[PDB]
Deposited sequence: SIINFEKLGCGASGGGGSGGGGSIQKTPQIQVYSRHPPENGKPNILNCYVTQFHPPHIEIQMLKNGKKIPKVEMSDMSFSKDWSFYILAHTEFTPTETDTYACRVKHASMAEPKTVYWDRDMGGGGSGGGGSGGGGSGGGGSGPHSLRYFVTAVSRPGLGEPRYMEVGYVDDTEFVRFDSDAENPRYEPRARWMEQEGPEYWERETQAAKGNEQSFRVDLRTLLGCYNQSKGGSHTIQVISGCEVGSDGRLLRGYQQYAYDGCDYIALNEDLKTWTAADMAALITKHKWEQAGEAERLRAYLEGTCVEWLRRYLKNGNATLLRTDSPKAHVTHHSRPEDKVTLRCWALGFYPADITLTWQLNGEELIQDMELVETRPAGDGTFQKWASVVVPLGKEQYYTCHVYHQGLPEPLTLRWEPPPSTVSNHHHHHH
């Protein structure tokens, strides 16, 4: 259950470039249907335009995931489309974002315990295009389980996991009206923050919030979160003492003083230690079947030619959950962290994740190198080599 937010009350009346990965969900074999992913991360503002292309031509039926954002406030989204790869068909993803003067085209390179209840909130103004888009997304241990999206004719809180359907109508009614009340507070905050930052009246701006609690196995609050951002930058955040605020700039110093006078830190501490903890216990009970599940990675090495007497060994880790994982290459028992190439961990699109790490080695010396896969789902780290 999300908290009822208090207005920032700042006063009376920088963009990040996207990172792109294009990859198939499964190993691409010609003639076999597959899924082509376009993973776009680390961008701000949230507005973005993603097209997937086949031999230069736009692919019509491209499905897009809901947009989320990370702890560093940057947004990410997954686009994907059905495709049957052939030997000569070229695929690419093209991204248009305000941080770039031209659209970026990336071509598909077919190269062979404690718990937490957190709410991620986004409010994005759209001057001349309608009302601000407001979103509340709840997570139990990185697993999205509820969502409120204002972009509907009758917006309501919706279960995003099957185990949330047990909650009765009184729950969804109360959460829905709480979200609509929260939406109004952020609409007002978007209005006043314009003047507090001396900004024009016709541009799109964003407020982001991360609110919730991390609770240990003993039921005690490990960490409480109440962190705000405006236009992707730190605005104000509750400190770990749950008593004082860290205001990131001058405009937030007005909010800090007002919240001190109103005793907002005490209201948040009561929610975090009480309501948040009690609801997390309820959500953990109802989702006990699938929330604790982990899928260990399946791993293998691929072999790629290089100019002259070098080859590339690429160590794959596939189908694992959660996303936290470590891949290392070793020569003679020492880790070659200094000369590996990695890709950021990426979703397969079916709930599991992918990652690979590569190293350039001399031709004929492939059997001298070992890849190591560390994941919490493994009873022991994986160790493997290139098998011809």
Could you name the stretches of the deposited sequence that have no C-alpha atoms in this structure?
-> 14 to 23, 123 to 142, 419 to 431
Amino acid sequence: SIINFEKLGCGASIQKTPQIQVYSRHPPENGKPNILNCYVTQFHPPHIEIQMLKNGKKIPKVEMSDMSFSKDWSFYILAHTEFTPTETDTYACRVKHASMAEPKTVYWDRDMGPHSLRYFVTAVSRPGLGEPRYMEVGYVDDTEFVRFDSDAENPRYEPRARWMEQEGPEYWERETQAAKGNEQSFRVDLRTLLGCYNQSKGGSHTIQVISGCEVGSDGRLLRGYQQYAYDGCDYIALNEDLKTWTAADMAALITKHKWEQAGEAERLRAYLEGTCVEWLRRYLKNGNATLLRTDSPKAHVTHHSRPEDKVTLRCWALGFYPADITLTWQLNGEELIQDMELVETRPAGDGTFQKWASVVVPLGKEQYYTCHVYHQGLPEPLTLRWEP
From here on, numbers count along this sequence of modelled residues.
On average, are the C-alpha B-factors higher in 286 to 294 or in 149 to 157?
-> 286 to 294
Between 169 to 177 and 72 to 80, point out the one with the higher average CA B-factor as the PDB entry records it.
-> 169 to 177
So among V360, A357, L53, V62, who wins on Cα B-factor in the entry?
-> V62
In terms of CA temperature factor as recorded, identify the highest of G263, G138, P132, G224.
-> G263
Among all modelled residues of this chain, ranked by Cα B factor, put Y271 in the bottom, middle or top third, i.e. lowest, middle or highest.
-> middle
Relative to the other modelled residues of the same chain, rank the CA B-factor of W108 and answer lowest, middle or highest third.
-> middle
Would you please rank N37 by its C-alpha temperature factor against the other modelled residues of its chain and give the third it falls in: lowest, middle or highest?
-> lowest
C-alpha B factor of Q15, ranked within the chain: lowest, middle or highest third?
-> highest
Taking the entry's C-alpha B-factors for this chain, is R118 in the lowest, middle or highest third?
-> lowest
